[PDB]
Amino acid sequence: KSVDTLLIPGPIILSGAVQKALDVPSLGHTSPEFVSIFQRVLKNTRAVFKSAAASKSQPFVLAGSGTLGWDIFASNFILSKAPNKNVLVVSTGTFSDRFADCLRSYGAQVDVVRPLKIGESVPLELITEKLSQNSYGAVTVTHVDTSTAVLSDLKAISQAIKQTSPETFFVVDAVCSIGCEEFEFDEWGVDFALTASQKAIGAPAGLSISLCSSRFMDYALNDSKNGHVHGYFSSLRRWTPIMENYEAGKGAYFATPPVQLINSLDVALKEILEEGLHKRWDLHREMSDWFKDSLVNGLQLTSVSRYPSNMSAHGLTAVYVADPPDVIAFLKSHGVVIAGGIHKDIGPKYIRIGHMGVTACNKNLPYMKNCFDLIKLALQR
């Protein structure tokens, strides 16, 4: 027997290079050789977000998970003397909501705008409407909500913000979009974007990867004006000098970074950048279309996210099924792991499949053809 094929929306299967890049002896975090690795990582992190070094945006890579990104933004936005604590949360599913929770836990007055139906993005006009009737210090959008597998139009939302409330910070939960979905940090005027290491970036789990715009960084570190951070580990003020030195190939110290994880992430970022982001987004699209096509049209199923449509993310598939547990158990027995629903409402009414990174790209891995064949067979009983 072998290891099961991971086809859930994070963690995902790692390419050989990034996986064996984990099995490496420990390096001192301030050693010249580790400093080399992290420097590349920080610069490739901004690149992967589609941010130019000239934008003066500040990248942050630290031990934690995607979720840390929420704490980081909240803790650095809702400072002690925060002038505007109102945040407007654009919800497309479970994670948007959980982000809303995190926000509130930090002292932010949160407003939630939702879609007209589950599996859809929030209407743009409703977002601008909300952006007008009130003045939010920040607005969040979950680029791809993994619970509903819904894709939000960041280009549109970013323009509505620039148009209706330019001063409000544009925060994007890109955990399940960076690496497989078109995402333009600089172009779309994103102030804070956060992603994880185990989704489309194709790295091991254990890292929080976020990026700060010059504008937000300007706000976050203005102690005399906005006050201080009610926290510590998540303090941008404390980590900036560290990320700065590392990018300058200097090496300093606040909290020991995950050397093995950073080494792995180094390879993972190179791989997505060596072949090109656009190319990598197209592969995910091709994979996603073929698969939903097979599921929705081929097996006459219904997608949780509207399909076909630009509302359906390319990093995963969420399709309703009669008996999700049975389908999941069936695939499991045959060496394939897919996921359940995780959603306050439709939770046990559907299943979720991965198809990100090497499993989406790299047309030699039969992972997905086999996945579909199995689901196909699972619905036979």
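Quick note: we count residues from 1 along the sequence shown, nothing fancier.
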{"property": "Selected stretch [higher average CA B-factor]: 60-68 or 326-334", "result": "326-334"}
{"property": "Higher-B stretch (mean Cα B-factor, as the entry records it), 259-267 or 282-290", "result": "282-290"}
{"property": "Residue selected from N222, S235, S208, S214 by maximal Cα B factor", "result": "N222"}
{"property": "Per the PDB entry, maximal CA B factor within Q198, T195, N76, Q159", "result": "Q159"}
{"property": "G16 CA temperature factor, ranked by third within the chain", "result": "lowest"}
{"property": "B-factor third for the C-alpha atom of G93 within its chain", "result": "middle"}
{"property": "Third of the chain's Cα B-factor distribution that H143 belongs to, per the entry", "result": "lowest"}
{"property": "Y246, C-alpha B-factor rank within chain (lowest, middle or highest third)", "result": "lowest"}
{"property": "CA B-factor ranking of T240, expressed as a third of its chain", "result": "lowest"}
